[PDB]
């Protein structure tokens, strides 16, 4: 009691958040400690269920319905004046069983990131990437590298031709899952065909793809706004644009709302409200985080007006509008775990595309 402990993922601007915390302490005398534990999103329900953990947890909104279902989150209590400061759809992302259970911070979607000096006119279709890779390979380069270990990054291609997570009835139907339909299989088959053709490697992860793109070894990558800061520091002149189409249809990235939840076991709920409402969710607070690692589009209207001019933010929102907001329902984690296994198994040859996605479908339903 009398201090704030915050958990936020290691790819976000946690040093910039810590600067917001130091301003909070200067004004209130209350120490703010920012940590970025690994697997924090799995650790939180295990320690919050024993009355331990951080006061505030940051994650995309898809994790928070499971937390709320287990009673681990405090209902947030912003007045109507504060609610009108943020975009209504961001509040929708953090509403569960009619109650607001987090503060929305930022809106994230994946984009195509490309090296302007290797591919001045980036490809508009996935289907043209193998021919581009062939020309780059004679120069000792590759067309594209992105994280193949996390299903977040492969989902936009799987969804393009018809894959989906849970069908929404304008409630989600947890038994109507689109992981093993013909569109999902077509997109995962194309990924596997690029791997078989040695346009990509099944073992490429986040670090490998980031290093290759930022050193100028691959012409393109797929990542979110948090990655731009490291590219700014690199020698690479990059642009951010629409994901390629597949079979003429847009890639459909899942849209995540970075959100801050207050632990139901926190003895500091009033302090957490003060910090999130009056320090973080201000133009100056978001700027401090954004200058560390870019947040993407932000939930705070006044600051989003200042970011909307950036072509990288414009591309982020264009991809977001072609994609889908993630469900926040507890079943979303089962979806992600099952799809992760399916993609890794198909990409590594441990299963066929059909057998992998059928098994995921059975697991989820």
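Positions refer to the first chain, counted from 1.
- In the deposited entry, the stretch joining residue 170 to residue 171 is interrupted by 1 to 3 residues of the deposited sequence lacking coordinates.
- Set 322 to 330 against 47 to 55 and average the Cα temperature factors; 47 to 55 ends up higher.
- As listed in the deposited structure, the average C-alpha B-factor of 35 to 43 and of 58 to 66 is greater for 35 to 43.
- Each of 263, 97, 214, 223 has a CA temperature factor in the record; the biggest one is found at 97.
- Reading the B-factor column for the CA atoms of 104, 250, 151, 239 in the entry, the top value corresponds to 250.
- For residue 276, the recorded CA temperature factor ranks within the middle third of the chain's modelled residues.
- Sort the modelled residues of the chain by CA B factor and residue 19 lands in the highest third.
- Among all modelled residues in its chain, residue 89 ranks in the highest third by Cα B-factor.
- When all modelled residues of the chain are sorted by CA temperature factor, residue 147 is found within the lowest third.
- Among the modelled residues of the chain, residue 25 sits in the highest third by CA temperature factor in this PDB entry.
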